Amino acid sequence: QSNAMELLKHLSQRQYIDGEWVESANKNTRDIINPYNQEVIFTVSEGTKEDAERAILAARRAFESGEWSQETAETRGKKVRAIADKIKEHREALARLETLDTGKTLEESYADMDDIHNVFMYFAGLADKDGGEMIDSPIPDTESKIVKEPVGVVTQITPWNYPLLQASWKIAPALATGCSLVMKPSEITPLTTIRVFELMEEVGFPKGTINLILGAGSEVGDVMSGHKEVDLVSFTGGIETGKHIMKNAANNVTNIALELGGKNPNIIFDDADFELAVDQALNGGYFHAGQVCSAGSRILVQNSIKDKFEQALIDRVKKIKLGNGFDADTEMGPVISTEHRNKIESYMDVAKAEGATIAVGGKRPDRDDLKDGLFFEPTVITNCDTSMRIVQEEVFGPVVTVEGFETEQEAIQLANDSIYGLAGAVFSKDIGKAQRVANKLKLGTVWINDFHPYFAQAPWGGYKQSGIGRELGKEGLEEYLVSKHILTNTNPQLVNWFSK
Amino acid sequence: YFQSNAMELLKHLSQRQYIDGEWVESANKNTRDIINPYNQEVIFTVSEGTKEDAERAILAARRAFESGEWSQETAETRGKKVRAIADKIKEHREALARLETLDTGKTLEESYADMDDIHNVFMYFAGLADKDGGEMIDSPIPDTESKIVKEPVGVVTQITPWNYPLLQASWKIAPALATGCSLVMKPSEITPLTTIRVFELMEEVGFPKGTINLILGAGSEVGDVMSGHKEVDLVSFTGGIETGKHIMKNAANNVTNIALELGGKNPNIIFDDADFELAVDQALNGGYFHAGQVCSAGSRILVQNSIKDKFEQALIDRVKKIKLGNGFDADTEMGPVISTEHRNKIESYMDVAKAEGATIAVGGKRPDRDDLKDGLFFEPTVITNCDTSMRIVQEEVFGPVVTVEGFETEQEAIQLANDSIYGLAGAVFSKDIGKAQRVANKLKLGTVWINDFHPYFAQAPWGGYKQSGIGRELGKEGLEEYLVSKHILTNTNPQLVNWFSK
Amino acid sequence: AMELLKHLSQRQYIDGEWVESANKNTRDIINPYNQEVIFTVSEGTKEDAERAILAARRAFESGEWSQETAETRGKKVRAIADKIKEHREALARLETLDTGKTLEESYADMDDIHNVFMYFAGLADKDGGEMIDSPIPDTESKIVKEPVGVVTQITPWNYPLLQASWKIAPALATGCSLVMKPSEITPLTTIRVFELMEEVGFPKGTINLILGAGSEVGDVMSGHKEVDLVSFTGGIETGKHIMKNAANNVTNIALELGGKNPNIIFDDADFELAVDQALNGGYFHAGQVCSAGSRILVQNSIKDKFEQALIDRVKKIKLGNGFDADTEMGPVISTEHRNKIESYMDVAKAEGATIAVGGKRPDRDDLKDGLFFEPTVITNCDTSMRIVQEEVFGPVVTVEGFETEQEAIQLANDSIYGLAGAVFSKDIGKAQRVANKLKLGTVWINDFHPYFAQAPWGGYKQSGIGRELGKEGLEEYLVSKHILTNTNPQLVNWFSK
Amino acid sequence: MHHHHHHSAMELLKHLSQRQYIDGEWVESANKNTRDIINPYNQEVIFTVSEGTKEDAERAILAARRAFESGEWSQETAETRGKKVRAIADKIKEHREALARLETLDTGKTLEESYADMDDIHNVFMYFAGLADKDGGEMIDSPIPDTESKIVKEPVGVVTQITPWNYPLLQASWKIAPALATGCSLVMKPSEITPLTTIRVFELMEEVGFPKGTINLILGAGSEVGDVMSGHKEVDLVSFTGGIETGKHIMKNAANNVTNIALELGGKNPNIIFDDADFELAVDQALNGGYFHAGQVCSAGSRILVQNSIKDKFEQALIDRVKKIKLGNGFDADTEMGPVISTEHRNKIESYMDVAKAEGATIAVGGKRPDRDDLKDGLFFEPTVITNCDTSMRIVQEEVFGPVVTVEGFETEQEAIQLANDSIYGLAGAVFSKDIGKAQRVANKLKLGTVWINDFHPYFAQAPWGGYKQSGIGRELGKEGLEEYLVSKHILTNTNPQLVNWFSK
Ligand SMILES: NC(=O)c1ccc[n+]([C@@H]2O[C@H](COP(=O)([O-])OP(=O)(O)OC[C@H]3O[C@@H](n4cnc5c(N)ncnc54)[C@H](O)[C@@H]3O)[C@@H](O)[C@H]2O)c1
């Protein structure tokens, strides 16, 4: 931790616009805290609408110059690979910064950095692999081709839970395709995003190709979603902000890519491996204290093992070790902010008022070393049902609900009874049964006998209200491409429809 | 005669909506009179549906989707059903084309071309249906299997324009059915005739109840239900930019995917080394086919300065000779515009143009000619002495009007052509194919024609850069609008992580 | 027979015309059910085959079919599909007459054939090549896919029209010209499909049918310099010979040869399902199937139970005329084929295997005059034996036991072949593990036999070269051209001035 | 430019292995036979390597099979396989200088040609490393209810790989990179006369680290080990680049065990120059097409077709430039053309001069070994232009593979196409004209795997390379190149299996 804090004395405090590190246009700043102790650890520029506008216009200018958009795909790939190698070179420092900024355990952060390296490498290898299609034209004496071009100028807005990971999923395909980008990380977690911009600057990109805005989404976010020069807005975050962004993007018919949260089901059958299912229900529920887009917040367990399951899960929940993400014995860190802890605490009261049981946790911990930090106990809510707000709404904290089901049909019905559709799991040693269930769940990713894995080779995103579009995989790249049909008529003749 | 044969078809055509396997009236029994724009006579009366009718249709589409009868059908069989629709179109080609000319006013030859195109669209998607169900991924995690499955998106609402009703319907219906979606379509309230007919033909083919639904009515009544209902998974709209933006904002309320095609300010770029009489011929065709009521109409001519005066005088001469008339008369070259309201809008743009300093070189008003006095006619029009700052140059007029701007260099043509909010389609005319190819690369247009104007086809994707839309129709990209990806990851050797204390 | 054939052509089809053999030779075709002559056809010469190849080349270069739009080619292929369905009943009867198989098998073939033509009809216009993002500044790179040109196509006697459709449909969809030669023994449905294609209408020389003995015309069809791809389905020995002769003009080959196809039955299989599917794997078309499940591998813990159950069912199989609805298994195809099956029984006994049931021609009076052979089960076998390793291609299965999953895999993969096979187990995880380790082009889990146009089919190892069906099937009939345009050409000036 | 890039004997060979590499060990020939390697610039013996036996090749093949079946490479994740292939690409670049020098020493080509080769080689490995994890197969929408249908793409298995002497390490890379990326085991044999960079790249791969038996290097003559490599029952694919006669022999031998073949066999590549070409450019590129690597290039522009209108001007401009070509040591910066590869090969080229004369063609310039004192001991042959020839002639039809072009005239576009296509081959060719529409019409009608419009020579990993007609079977490079090293498996699962009950019970 003192090592990580020492990293801060060389980190930039500034935005990066059109090839220069710059202050906010009004010289405003923001203090960044460590959620473990709520101490101010760092102070950064708080940019303005003018800054956001200047960045978007620089991005457009750079795009039209062609220095990046007309660079060869192979060479773009090499540069993206150079970024991947910087991440690896600096993986420990980056992991330390992430833990400092977001509070999650160092082991969780190291896992993030390994994924981030793999995301940049994947897209580096994909950059030069498909430029479009030749079409067999149905018109004689014509040639028809579809060319994929970069979409242009893309704005990118990321959340506070996995700052550098979510940044990588957007930056990698944007660069690989030849777009120019303007990125804004969550105002409360800018550290690793600043650091990655320093690393990309070292790699070397044309002026204007990459830009970093720092500030509140309520001030600069509308410029980012609403500017006429933007061709795509890509946002990861909560549903209410997502809808707001999409409505503003309509003003200029701007394409949107959204990844919102979910209400992710963890479906546990009679015939599951019991010990495995307990282990994975904990992991699904409490990794990063539940602040995960794909958190397994909604446990559905078959009625014949429900009491035995509840008893085992609760007994394990009482043993979960809370503490500083820098300490090796810590299993769960704090939540992100005062505001967010408050939202979680309020949900406990909502749960009780609508008739649910707080079987364990549901409060801040007492222990003396946890008192300064933004800790909330791991929580299990029982005696609930699908009509309840605690079941339906994304709490995004260290909280799971437990509902029973009788049949495979009932499990599918309950799991699909939410507005969301991001991810979920099915546990059963009957693989045929698990596959039947997976093919009826309206979810972007279904894990059979696992919980959590995503990776660059496979697209990630929502059905229903969990988003629009996909990140990662070949579909992820295509978000950053636009198709052009060029049709050449090799024997052009007058039509002579209109009288001479 | 052909006109009276078309009118006879209406004695046996449905007057109702089609909801959940039944032809039904509007819930409040209101009706709407349909007009022939050639003589402005009322030719048919149809139900005017309610917002609750739209709601019922979407709910029926949801229940049909969840039942799985169409969505779990084999892709190969879904293919065969889509082909059967294609064969109905060709079977009824003459009747459908006549109905289209009766409803939209366009020439019979134009409507025949549409029917050939519609048959090929359905046939393309029928052949595509069973060709790609997803991918197998080499997982980076040992002892896992990773597959991506492509599923139907679900319930789709589909809203189409008055200019090419059945063509635009085909571009939406065909991929929706091929992929296993359930759909709710609403044609333009003004032009329901061929869409009602194609619903009759699809009903004959045979689909599970609720898989297809037809709503009739004015967007202001039912439109917000079609874009805004929670149970829609995708809304697909072709029409104007202001309605498209409205639809997108309303779809956001339930994070509903959108597919938009919104028209354009499509450039037609003529170099001084173009085949001159080809370029004159294609400028006419670009500007005045369907009286300029075309998403891709070449309304903005860009012509190299060295031939600009010759081009203008040649174009003006030919425009004066364009034959306006009844679309059923084989001598007619240009029909009427679609409605009173649209003709007024075009007239109001002549006033704007004149007040901002442009010249109306020829045309620019409704014809006085006695033979055209009862129809919704507007003269083919050429506007000169204009520039890119002008409303008449920037804005989509969607009538039989072209503007002509000069350019000196290749570079200047490109900057003028990209200097609009739009990005649908355009053309470059030049014998120098290398030069045309350089220009095509730098135009921000979904489709660029080299030495042609107008062609689209089912094999290639169609749609906009910039404000001309979101997404693509036709081609494999068209099909993909109607599909959603699911990653199914199976851990074949699951082990406890043991992160949390026991 | 006479009634079925009175209107069928008896000639070859070369360059738009039905023609006799150049030397006027003919061949008598036999019904294997009664060994009676049922039809007489032209027996063409090597000069006829040369003339067809040269017409195919002339047609291809003229461009009438090869430069037709892919969408229109797909419409013509769709028209062939619809003719097949229109004539389903007669085609199926013709196939049963010629090959001996049950009429219900022949209907199933016709339905598959319709689907094969309709799949390739729909694929015809879907993929014309790629645009490439060039690593060289100021260049454009594109890959155009073109028809390969002239293709010669040789089909076997077991599924004449099905195998013909697998080759014809992608050839025509892509724009190739073709010359096809059915097995000399079984020309009837192939002659018929040429009459149907002629009705559909194709430019002269685009399609050609040669009729004759491979011994005479076969080297021309594999060896002629103007052939761009040779496609052959048949036995391994002819396939190697074809490949060697194709080498003379560096001619691409596609080969589908036999298999020694394993049917793996674990002790947690659905038992009666496994018994049913072992029967079907072994004895459909009298075992004369490239993917016949001739090699049963059954877990030792249930081996004796399985053998008793299978043998008991084998004794009930109904042999007979393919036109009689009670018939379950038809005759084998020819005297020489039945003789080879018979020779394998002698081989089996001499190397120490047991003929547990069957193993002989039946002597019952209504089978006496036809080319019947009893369904046969051979036990007390092992992997060292000829009867286990070699493709007998008759109504013959062997049974070997295995102890464990790893032994099942090692036995199943211990042949020269790699066509197809099956795994039966209620543990789907185990079945998937085994599937991934089997070196087979198609692996069925809890099934036996299904193939379809949507999915590629073909061998690992000595079962073939290339794939038929699916997108990979189409790609055999296409060649890639990279066209690279330098849009700012400048002198290199490597060499002094 | 395409084949010449800038920097940005005892010495360089002192640390190089002299042995074969089989099943994880550097090993002598089983009979201790050796072979002297020469520098074609001076005909000096520069190195001595093991000359393997038929039994060495069989042992390598059995090792590769054993490694394949163990699954240590074939079941590694595609992403990890991609990382290893990139580590190879990185070692090429790290050692680019030494590798380029070694390639010039062994093949005689100029150092700037060798630098271009090393840059291409790096890019080949990098391309395939990036492709490794990008397509594992397909999900199929099954036409049978209650079934799941998937196609998986697996490594082919054991591959044997035989490479020619003209671009030894470049050709090795085209084969090694997709084999390793897909998870195959391989056994590679370079040309017996040019082993040096291939030995070096095996040393480098060994440092990267691959399971034992995954990679194997056999050294020796085709006459000795070649039939094992084409003919062994455990081989799943044989990949060969070289001449048509050896390729046909290989294909015939591969047939014995129904082994897939991938062949690239050279060509008779046309260089078509219209009278509206940029003249100066067409002259420059006729020289480049003709005389890079002394014409020892699969895609060499040996057959010039020039439009009659400009034919005389063209011939005199070309001849004047050919007289100025600077022959010499590939290590000297001013050398423009090196020697040819071998005594045997130079003899083949010289013989073709007597074929040309005896059939009535004119040797307009060149046609002999040079006399000049510093060229006398090396395997030099003068750049040669042959005129007054036609398509009936052996000199026009046959691949000479030396610094020799022929010039034919044509009147029309149709005639140029006729002539360009009137050979047994179909590898590559060019069209020069300022009329791009016309170049495009010609390109469409040429039966060639690669057509360049106003350029000559470029190939790259992103696009497939290979022949129509007798220039080969299959493609190397691009996604098609990967697919030679993959085999498809359809796995069909019946999820609700029912008895068929065809056979009575
Ligand atoms: N594609 C090309 O770039 C290329 C390269 C080299 C040569 N060629 C052509 O080949 C002609 C003759 O060339 P060459 O004789 O120097 O080389 P070649 O065609 O024999 O290629 C050499 C390779 O073949 C091997 N070989 C010999 N017998 C074999 C066998 N039975 N099985 C397997 N491999 C065997 C040799 O050991 C060597 O590795 C030349 O005139 C030239 O036209 C083309």
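Chain letters run A, B, ... following the sequence lines, proteins first, then strands; residues in each count from 1. Values below: all heavy atoms of this structure, side chains included; hydrogens, waters and symmetry mates excluded.
- Side-chain contact annotation: B:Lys486 with A:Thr445, donor-acceptor N/O pair under 3.5 Å absent.
- Of the charged side-chain nitrogens involved, at least one lies within less than 4.0 Å of a carboxylate oxygen, so that C:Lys142 and A:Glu143 count as a salt-bridged pair.
- Relative ring orientation between D:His3 and D:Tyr167 is described as tilted, the plane-to-plane angle lying within the 30° to 60° band.
- The residues C:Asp127 and C:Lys145 are annotated as not salt-bridged, no charged nitrogen and carboxylate oxygen being separated by less than 4.0 angstrom.
- D:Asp455 and C:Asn486 are linked by a side-chain donor-acceptor pair at a separation below 3.5 angstrom, with hydrogens and angles left out of the test.
- The nearest pair of heavy atoms linking D:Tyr485 to D:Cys184 is O-SG, 3.6 Å.
- Atom CD of A:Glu89 has more than 12 neighbouring heavy atoms from other residues, nucleotides or ligands inside a 6.0 Å radius.
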Salt bridge (charged side-chain N to carboxylate O under 4.0 Å, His left out) between A:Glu479 and A:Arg470, intermediate numbers included: CA-CA 8 Å; A:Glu479 299 275 358; A:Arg470 292 284 182 283; over 6 Å; no
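- Nearest heavy-atom pair across D:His5 and D:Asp119 is ND1-OD2, 2.7 Å.
- Relative ring orientation between A:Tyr16 and A:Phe197 is described as tilted, the plane-to-plane angle lying within the 30° to 60° band.
- Counted by atom type alone, A:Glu149 and B:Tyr465 present one or more donor-acceptor pairs between their side chains at under 3.5 Å.
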Stepwise, does the side chain to side chain contact (heavy atoms under 4.5 Å, CB included) test hold for B:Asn418 with B:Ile414? CA-CA 6 Å; B:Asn418 283 327; B:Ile414 292 166; 3.7 Å; yes
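- Considering all non-hydrogen atoms of both residues, A:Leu477 and A:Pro173 come closest at CA-CB, 4.1 Å.
- Taking both residues in full, the closest heavy atoms of A:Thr254 and B:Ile470 are given as O-CD1, 3.9 Å, listed atom of the first, atom of the second, then distance.
- D:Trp174 and D:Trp465 have perpendicular rings, their planes meeting at more than 60° on a 0 to 90° scale where under 30° would count as parallel.
- Looking at every heavy atom in both residues, D:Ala78 comes nearest to B:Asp138 through CB-CB, 3.8 Å.
- Note on B:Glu480 versus B:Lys476: no salt bridge recorded, every NZ/NE/NH1/NH2 to OD/OE distance being 4.0 Å or above.
- Electrostatic pairing of A:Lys86 and A:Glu202 counts as a salt bridge here, judged by a charged N lying under 4.0 Å from a carboxylate O.
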